[PDB]
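Worksheet: one structure, shown below.
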Amino acid sequence: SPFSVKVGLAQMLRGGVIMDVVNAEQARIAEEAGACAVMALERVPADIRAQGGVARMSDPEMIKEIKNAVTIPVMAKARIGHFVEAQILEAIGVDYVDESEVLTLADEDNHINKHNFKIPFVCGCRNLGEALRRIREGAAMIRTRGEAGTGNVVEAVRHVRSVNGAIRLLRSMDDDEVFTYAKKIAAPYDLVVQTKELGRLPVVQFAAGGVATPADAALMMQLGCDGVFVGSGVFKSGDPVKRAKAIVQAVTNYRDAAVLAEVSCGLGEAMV
Amino acid sequence: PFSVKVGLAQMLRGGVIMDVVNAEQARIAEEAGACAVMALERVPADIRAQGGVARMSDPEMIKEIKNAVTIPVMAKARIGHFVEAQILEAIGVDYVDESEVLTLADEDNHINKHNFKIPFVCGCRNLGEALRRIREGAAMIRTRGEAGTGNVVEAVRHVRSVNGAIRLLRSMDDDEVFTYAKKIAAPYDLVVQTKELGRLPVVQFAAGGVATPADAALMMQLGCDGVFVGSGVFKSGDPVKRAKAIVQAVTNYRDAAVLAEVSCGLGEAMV
Amino acid sequence: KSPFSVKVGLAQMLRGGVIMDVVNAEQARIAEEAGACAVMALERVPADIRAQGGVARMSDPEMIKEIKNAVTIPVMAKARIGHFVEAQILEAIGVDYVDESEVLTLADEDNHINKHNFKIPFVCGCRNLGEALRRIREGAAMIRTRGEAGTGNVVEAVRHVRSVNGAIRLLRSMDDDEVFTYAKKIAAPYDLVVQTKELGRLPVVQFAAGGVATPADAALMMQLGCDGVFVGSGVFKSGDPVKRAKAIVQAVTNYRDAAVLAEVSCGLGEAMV
Amino acid sequence: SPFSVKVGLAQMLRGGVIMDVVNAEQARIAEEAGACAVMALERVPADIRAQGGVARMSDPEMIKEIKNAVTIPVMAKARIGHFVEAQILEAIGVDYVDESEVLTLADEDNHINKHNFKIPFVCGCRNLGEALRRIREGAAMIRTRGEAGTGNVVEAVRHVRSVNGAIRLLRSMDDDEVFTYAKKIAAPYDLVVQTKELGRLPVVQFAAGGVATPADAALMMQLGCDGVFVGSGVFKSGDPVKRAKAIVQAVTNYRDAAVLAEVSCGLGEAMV
Amino acid sequence: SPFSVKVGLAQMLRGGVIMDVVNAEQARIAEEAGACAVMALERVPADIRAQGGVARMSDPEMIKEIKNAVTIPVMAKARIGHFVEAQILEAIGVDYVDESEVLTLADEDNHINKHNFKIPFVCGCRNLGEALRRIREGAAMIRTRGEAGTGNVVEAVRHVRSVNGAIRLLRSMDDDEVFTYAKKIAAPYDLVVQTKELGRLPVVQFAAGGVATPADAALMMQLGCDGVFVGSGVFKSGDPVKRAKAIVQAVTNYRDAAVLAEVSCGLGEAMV
Ligand SMILES: *C[C@H](N)C(=O)/C=C/OP(=O)(O)O
Ligand SMILES: *C[C@H](N)C(=O)/C=C/OP(=O)(O)O
Ligand SMILES: *C[C@H](N)C(=O)/C=C/OP(=O)(O)O
Ligand SMILES: *C[C@H](N)C(=O)/C=C/OP(=O)(O)O
Ligand SMILES: *C[C@H](N)C(=O)/C=C/OP(=O)(O)O
């Protein structure tokens, strides 16, 4: 099954950190720090927030440079609904497209039909219903997003707890009430049932938004994520190389408080 | 094990706990006679003035503060950020303050404090909040006003609310306590324990706005077991003298002659 | 060990049973012969209270002694919410359970009876889990998950059974760290919420009540996971109370046997208006 | 002081039941039942409610017939603010005037200045502030009223719990907060302080309103009242003679469940 | 009676001007100008308004200096509800504490229990009910305040007229309506009656707020005050020494238009 193949590709990222990079130098830093993949974008989310202006798919020249600089998978963001941007990214050989809300919405009413592509897609979500709608559209991996570019995990905690609490609610829910639940969260019933049977999201689920410290990243993992995205927390901090390695080690050893303490020690300024 | 942590906190009764952001402030607080220090990144008046996300202190700074003093060292963690508290426990702080002056990490849940071996401080504005924090595992309650304003008005409000509610509860008809516990959304058993003790089941300190010795003795005369001072000492003109004066005020809070003496010639209070 | 757990233990005997409202000894005797596990003595059945209005109070003790004398199964009696003196009287005349009931006229809008002060067990009503746990903390030994009394419409009982059980299933799989906030949100005592989480069920017997008019209704309550059903109006406001009472009892005894449900429903005559 | 003498007169009624009577026959029934006093009025509160129309002080003729019929004290109702009605009641020798809200309000803004009278007054209240305001006007006894003429104790339970909860609040209140409390309930501070010091109301406190059964009456006594008024529950019931004695016995033995059970047995129909 | 003694102390200030001083130089100026007392505070009210920031009891060192610099009585402000601040002021020997609204409220729900102190207190008020509540708390002198630090008498005129008009209303009020009046203004009935019997406030009443010119001060006196407070009008004006003497003479000769004209002539800039 072509979708299950795409899902399997994203499973290989479990336990990893994906780092936003806007040039090839940042891409090397992330790979050396132990990132499982990099995300090519025009500006990290904290700069998109402070500066404003329309944010689009990165120039294919920049993506090519980042692909050449690393051997780990390379993701790239496309505007929501901008399926031509995604066609271009697939054509130049990115490994994943992130149909991303940090870029400027291109279609306020529809997402990309991700089934028309060979490579897997990441989509964001704030709740289970959103996650399942993205998956029905063909998303092979889900980013449970908070607020990008603020260094504040509070919304990612909210959305991780919301998605996982809804899954747990679903696990023990009376079968006969699942139809109404699927109407209530506006999700395809088959995907709701698959989630109930698995007891987890049918695709990999990473946290994203405001992860600024190793404590934050391990928090996301102890809350039940398969990995984390860091967009601004590394490359807007005082010591990106050391913070990047620290966040990777936090995610690999997310239950080991002594390791979390050690990698957090003497880490310099987090992002503003 | 929870009563062990509740008992530990008893050793701070009668004391002043002082916020410190580095080892120099920590030694000043100990020499002034503070019963413990509270390590945080910025004093609350600076967090309020400057904005920005405020998190747990870097472990390196906490280790520095631990090595500078021999009185208990507390540290702040963001509400709900249980991994920050795991780290603070792993580096050997004596108390975690799950603190509202830091940027909220979980808007819906506090830390499950029963999963830790060290005692936790939590803030409250009323009795129901205090009892909820205690049921989560807090061993000590900070009855908080407004952090970083030098204005005790909200601390006075919340101390009178908590203690007024405890006094209400003490004379309350037993049959009305069930509805009372619903009304303040508190665990009934802890409500009953408060009624039977006649005081909060854990140590209760005032915090927020304590700027002068008179403020500090005011909190004690309103029936607190101690006071936090976050900004009043180190945002003031003479930190070393004000810290000793606030400590002496809390130790001698009913002695107007002493209160007048230690307040004399104290310099500028915090802005 | 504790006196409360002894009362809770005693109520277990009622699992699988039907408790029928009776207003005289004739009704009580019919209920016992139909196989009811207990009767509920009250002044008027809920449909009559609803239609007639007026203040509804504890039954006259003479009525209760007549009902106790007529049957050997347990006798329950209704007391107004908050009216602890009515309950003291019911206890002194030897009823087996007091139902602190919303079908009677509320006597204290702000407090329920302190049921821990009594030796005999109490039933209390609830619409949701928080209500149930607050009643249990006050000392209710058994919970009646109530819909609308006297209407013959199960729709609200279904709502409240699904609500209580939905919340229990929600609780069973809930992340432990979220239970403190959950206890606050439903305004329930935390220890009882945790106990409910651990057991996967209500810590006391849970019956459905309100609007159960047919055997299908009763068996529906049982298939939604109740331990038993109250029938107040559906039996004695119907056209054939004796046949209907046996049918509902059989429905609760054999609630998964559709052939039996079909059988006991056949020719049952008119249900309540 | 003259006021404390009046207050002492009403103390002699502790443990008693006061019954509303509209003629000498009812008054004799009440005295024989053991009532500590009777309350002369034109119509029992249940009739005033169902019938409407202006309700005033009883005709002095009817009051004289009631005084001739009994030797226990005779009370009579006067309209709120109607000090001339009270002057008349005093001139014909009633023992207490009840400035009563079950009669038609004569002055919407002022109560009778009860210090200008030699005999003691009863006033109603819903909360402690009302009681203390009535007492400052010269009320020697407070009746804590619910809904008169409905046979429903719910509002009297509310008001008894309100007054008593306020007094218990006041007993443990910080002395410095009492000034603001007296402002909040709009009550004379000296009477608030006196209530705090006594731990109870500075005058006798009876329950009234909706007491229909012996259980109701004993309920009021167990809630902390000194006695009960019964306006409608006796003479609108099926068996007033038996019910009046049962209520009296209930109030005398209000903590004895076996007695309460016994006197409640076979009591006939309560009021509608 | 200890309260009547405190009241008698404040009577000696009748016909006087109390001047705010923030150092010993201002205190001498006020005494030489003929002030009956000085008020030690950290900043005059016009500066507290313009600058903001929390305003507390003056440092006891400053109060000591002001006490040493003058022989007339020395008052000091404490924050409303800050009874420890008042304990300190009593301990260092001020003659009066002003529980003052120009300082930052410390207890939004309660004032200081002034009966626990040996020295008399001043409190502010905007209306009779406030004045009487402060007096019940133990205030021995009342400051009928307008708007401090604006130089605009309009609110002090409003509040002086309000207090005096309410007293005049009370003077001629039907006795039987006084109970309801005391509820309406939320004042202790005994104090309301005392005010009605005296025909004036039971303690000394000074005006305060916006008194900027000798005309203003004499206005307050012709409206019926026993004296005036000047906080900003002297020491924020162009010629404090001359304006201070002028305001004192205005208050001493408040009905003598020729004197008011003379002392107002050539007075330089009033406060901004
Ligand atoms: C969309 C991108 N992959 C991402 O995860 C952004 C995160 O925002 P930040 O809060 O800057 O980590
Ligand atoms: C949370 C911290 N320990 C604290 O007590 C803050 C006090 O606020 P401040 O107003 O700065 O004393
Ligand atoms: C309170 C009584 N036990 C009861 O269950 C009422 C049921 O209502 P109905 O709808 O009449 O069966
Ligand atoms: C005012 C009269 N004495 C009285 O107490 C009325 C009671 O009302 P009811 O509900 O008729 O007892
Ligand atoms: C509180 C002080 N005693 C005072 O009277 C303030 C007056 O204000 P101003 O308007 O500046 O005279």
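In order, the residues displayed for chain B correspond to 23-293 in Swiss-Prot numbering, which applies throughout.
Including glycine, each Cβ sits where the backbone N, Cα and C put it.
Together with B:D41, B:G231, B:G252, B:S253, Swiss-Prot lists one candidate of B:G102, B:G170, B:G186, B:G289 for binding D-ribose 5-phosphate, that being B:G170.
Sitting within 8 Å of the Cβ centre of B:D41, B:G170, B:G231, B:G252, B:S253, and not among those site residues for D-ribose 5-phosphate, are the Cβ atoms of B:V65, B:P66, B:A67, B:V123, B:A169, B:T171, B:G172, B:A229, B:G230, B:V232, B:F250, B:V251, B:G254, B:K257, B:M292. Spatially close to B:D41 (D-ribose 5-phosphate binding site) yet at least six residues away along the chain are B:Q47, B:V59, B:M60, B:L62, B:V65, B:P66, B:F250, B:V251, B:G252, B:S253, B:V255, B:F256, judged by Cβ distances under 8 angstroms. Each of the binding-site residues B:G170, B:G231, B:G252 was scored by other CB atoms within 10 A of its CB, and the lowest score goes to B:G170. In this structure, the CA atom of B:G170 (D-ribose 5-phosphate binding site) is 20 Å away from the CA atom of B:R182 (D-glyceraldehyde 3-phosphate binding site). Straight-line distance linking the Cα atoms of B:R182 (D-glyceraldehyde 3-phosphate binding site) and B:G231 (D-ribose 5-phosphate binding site), rounded to a whole number, equals 15 Å.
Shown are the recorded positions B:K98, B:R182; the one with the most C-beta atoms within 10 angstroms of its own C-beta is B:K98. Counting every protein chain shown, the number of other Cβ atoms lying within 10 Å of the Cβ of B:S253 (D-ribose 5-phosphate binding site) is 27. Considering only the residues assigned to D-ribose 5-phosphate binding, B:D41, B:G170, B:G231, B:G252, B:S253, the longest pairwise Cα distance works out to 13 Å. In sequence order, B:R182 are the recorded positions among B:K98, B:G170, B:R182, B:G252 whose C-beta falls under 8 Å from a C-beta of chain E.
The DSSP secondary structure for B:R182 (D-glyceraldehyde 3-phosphate binding site) is helix. In this structure, the CA atom of B:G231 (D-ribose 5-phosphate binding site) is 18 Å away from the CA atom of B:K98 (active site, schiff-base intermediate with D-ribose 5-phosphate). In three-state terms derived from DSSP, B:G170 (D-ribose 5-phosphate binding site) belongs to neither a helical nor a strand segment and is classed as coil.
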